[PDB]
Amino acid sequence: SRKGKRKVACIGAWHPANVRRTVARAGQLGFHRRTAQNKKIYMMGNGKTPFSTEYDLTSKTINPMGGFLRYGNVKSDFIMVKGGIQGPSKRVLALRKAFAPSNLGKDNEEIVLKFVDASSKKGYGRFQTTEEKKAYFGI
Amino acid sequence: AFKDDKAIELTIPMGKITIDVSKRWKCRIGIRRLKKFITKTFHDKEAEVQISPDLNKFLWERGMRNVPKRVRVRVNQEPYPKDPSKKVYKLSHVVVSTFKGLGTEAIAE
Amino acid sequence: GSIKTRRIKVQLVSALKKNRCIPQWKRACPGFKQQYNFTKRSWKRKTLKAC
Amino acid sequence: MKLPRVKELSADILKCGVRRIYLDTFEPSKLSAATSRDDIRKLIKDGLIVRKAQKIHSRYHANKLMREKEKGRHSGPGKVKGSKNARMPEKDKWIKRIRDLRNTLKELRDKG
RNA sequence: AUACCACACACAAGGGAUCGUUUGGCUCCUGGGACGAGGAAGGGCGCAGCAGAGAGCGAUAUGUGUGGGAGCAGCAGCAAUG
RNA sequence: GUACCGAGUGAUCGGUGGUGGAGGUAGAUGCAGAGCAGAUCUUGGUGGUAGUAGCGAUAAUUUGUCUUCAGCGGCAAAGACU
RNA sequence: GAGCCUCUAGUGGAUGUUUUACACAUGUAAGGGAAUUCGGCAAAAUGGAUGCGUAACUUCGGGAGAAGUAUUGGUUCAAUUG
RNA sequence: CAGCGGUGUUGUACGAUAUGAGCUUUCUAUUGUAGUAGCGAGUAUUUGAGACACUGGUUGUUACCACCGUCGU
């Protein structure tokens with residue numbers, strides 16, 4: 001086709017003699033308010049107290065090797081939640097108690113952790129602590 | 001000039017300041033951005049920058065599609081002759097074997 | 001070009017002597033009313049047809 | 001006397017291209033005063049106008065390659081693009097052979 | 001409508017209508033109806049103290065004779081020996 | 001020619017103040033190339049669109065220095081191309 | 001005297017800004033492999049030289065580079081065109 | 001901008017030294033002895049080397065305290 005392929009071809013009929021608000025057009029994308037309902041808290045803790053599971057007997061903080069990419073190390077209290085969340089690193093968010101309780105079985109189940117990943121987020125991260133890196137390489 | 005009429009000697013990270021610039025014109029736009037770096041380092045946007053021919057010749061050494069990673073330069077500050085309301089900064093090339101250990105120095109004369 | 005006939009050369013010689021402005025003294029004369037010589041030409045704008 | 005013209009007349013005098021003429025920088029007044037070919041001849045004598053040397057194009061690699069090909073290096077099946085006959089012409093092999101053989105027979109007969 | 005757009009009036013721009021003027025045109029009438037081998041009509045090229053076009057003139061390119069008589073339009077020079 | 005003011009149902013007519021610098025009417029009759037919004041009308045002059053659309057196929061350009069008086073103009077040193 | 005690279009000789013300006021979307025010249029792509037479309041249109045794949053091996057039909061000249069397969073750089077040697 | 005810590009990407013720098021399928025027999029002193037070599041793809045050591053980036057860790061050095069306008073009391 002001539003005059004471009006990445007477009008809506010037909011934007012209306014002859015009558016009514018105007019464009020309808022329901023047809024797609026080019027413009028702003030992203031930077032909108034959105035609310036995500038019923039996300040579940042897996043863990044709560046502090047950035048400088050080490051922790052362990054019943055199965056992983058290493059004792060480590062939440063901070064990965066070298067920190068989070070454009071942030072560094074967590075120092076205060078933290079929450080951990082399932083799945084992804086709006087916006088990039090460093091943006092402010094508002095938290096609210098759930099508006100109504102959920103009936104779904106996936107939501108209301110218990111959670112028991114056995115491992116948490118603490119490897120580097122830059123490149124392929126292949127160690128969980130500096131002690132392992134020092135032991136893999138010499139000296 | 002500067003405090004106690006010293007020259008400042010510094011190193012310019014040509015590799016970093018040109019990260020976004022196109023391969024086809026790297027050396028042409030690098031010159032515009034070397035001058036910009038100087039003016040922000042001494043907080044003097046409206047001032048003139050003057051490049052000595054030896055420094056020009058060092059920069060163009062591998063043609064238009066390349067620029068050196070680091071370059072060491074001596075800087076002097078003088079009132080601008082054609083309009084002495086402005087300053088002019090004069091750049092001279094300093095030949096070095098290695099960059100390891102070289103910070104920012106101020107030298108008398 | 002370099003090769004010319006005698007008839008072509010005289011046409012060029014005459015066309016070259018005629019191509020001049022009004023001399024600067026004539027403008028001062030009481031009876032004289034011309035502004036510019038309308039018979040002046042440029043090689044960029046006209047052909048002589050000497051061929 | 002504009003400096004572009006000085007270069008043209010110098011190029012004529014020194015029997016080289018305009019790209020090889022160097023004008024000395026410290027006396028532009030002395031250059032600009034020139035009027036004639038005889039002025040330029042003097043400036044040339046005094047060394048204010050100079051003919052530069054030619055740019056280098058060495059035969060180092062060409063010689064090296066040539067000697068290697070004489071030893072029999074390169075020249076394998078992955079280095080040739082023309083037919084056997086293009087590289088070593090067949091009519092020439094014939095013509096070389098039969099002239100030698102005929103010359104051999106001629107001498108043997110004539111010597112008895 | 002602070003500043004945009006429109007209209008009215010005063011001043012400045014932009015264009016050349018109108019009125020005043022005319023060493024040109026047109027029409028009718030009367031006279032005339034005169035070229036060339038003694039080279040015509042028509043074409044070209046030259047000629048000025050400063051001179052392109054046009055006018056005038058032919059290497060004698062403002063010469064001779066007759067009748068008159070005051071200047072040659074600019075600048076430099078000429079003129080009752082015209 | 002331009003602002004105002006009066007007369008007439010109306011086609012039009014009259015006066016006043018500035019501008020202009022030499023010609024102009026009222027009555028009765030005569031002769032006509034005798035009245036314009038239009039013709040994708042004819043000629044000349046001017047808008048909105050608009051400081052907008054565009055002005056950049058090709059090898060490529062940088063630094064100093066003099067002019068220029070503000071020309072990547074000239075000259076030196078580099079980097080490229082046919 | 002192909003394309004690509006150099007010597008002799010010759011060469012260049014509408015300024016700054018990292019510059020969204022849609023374009024125009026181009027690159028690359030998991031698994032699938034023409035399901036796309038009037039239609040494999042466009043693109044991809046094959047490619048030089050050396051050897052082995054080559055069908056129907058034919059006017060016996062051709063078909064024929066049929067098809068199908070293998071080899072290829074650097075170094076150091078023998079042997080003399082294999 | 002540099003040190004010194006930390007986290008990555010690529011794959012083992014330059015130069016030396018040793019080895020290397022093979023091919024070769026040169027020189028100085030001097031009568032006869034001693035001295036006495038060249039040419040070579042590559043491979044191993046020094047060397048998880050060298051290069052390059054980012055650090056909300058820590059030390060040193062260097063630069064920065066202005067100015068112009070509008071509305072109000």
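Cβ placement follows ideal geometry from the backbone for every residue including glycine, while neighbour counts extend to all protein chains displayed. No value in this document is a laboratory result; all are computed from the given coordinates.
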Residue-wise HN-Hα coupling along segment C:43-51, computed from phi with Karplus coefficients 6.51, -1.76, 1.60 (Hz; x: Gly, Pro): 5, 7, 10, 8, 10, 7, 6, 5, 6
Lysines whose Cα lies under 22 Å from that of D:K79, excluding same-chain neighbours fewer than 8 positions away: D:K64, D:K69, D:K71
Distance between segment D:1-20 and segment A:25-41 - C-alpha centres, whole angstrom: 74
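With a 10 Å radius around each residue's Cβ, average the other Cβ atoms per peptide and rank B:18-28, C:20-30, highest first.
Numbers: B:18-28: 11.8, C:20-30: 8.3.
Going by the mean number of other Cβ atoms within 10 Å, highest first, we get B:18-28, C:20-30.
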Separation between Cα centres of segment A:119-139 and segment B:38-102, rounded to whole Å: 42
Those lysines that a straight Cα-Cα span of less than 22 Å connects to C:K46, excepting residues fewer than 8 apart in one chain: C:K4, C:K9, C:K17, C:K18
Ascending count of other beta-carbon atoms within 10 Å, so fewest first, for B:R62, A:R2, C:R7: A:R2, C:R7, B:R62
Distance between modelled label sites at B:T104 and B:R62, nm, 7 Å Cα→Cβ extension: 2.7
Over 24 Å [Cα-Cα, chain D], rounded percent: 62
Helical contribution to [θ] at 222 nm, DSSP H n ≥ 4, -39,500 (n - 2.57), averaged over the protein assembly as shown, rounded to 500: -8000 deg cm²/dmol
24 Å Cα-Cα reach of D:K15 towards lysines, excluding residues that sit fewer than 8 places from it in its own chain: D:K2, D:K7, D:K30, D:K42, D:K45, D:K52, D:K55
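What FRET efficiency comes out for D:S58 versus C:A15 if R0 is 45 angstrom and r is the Cβ-Cβ distance? Round to the nearest 0.05.
Details: r = 59 Å, r/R0 = 1.32.
After rounding, the FRET efficiency stands at 0.15.
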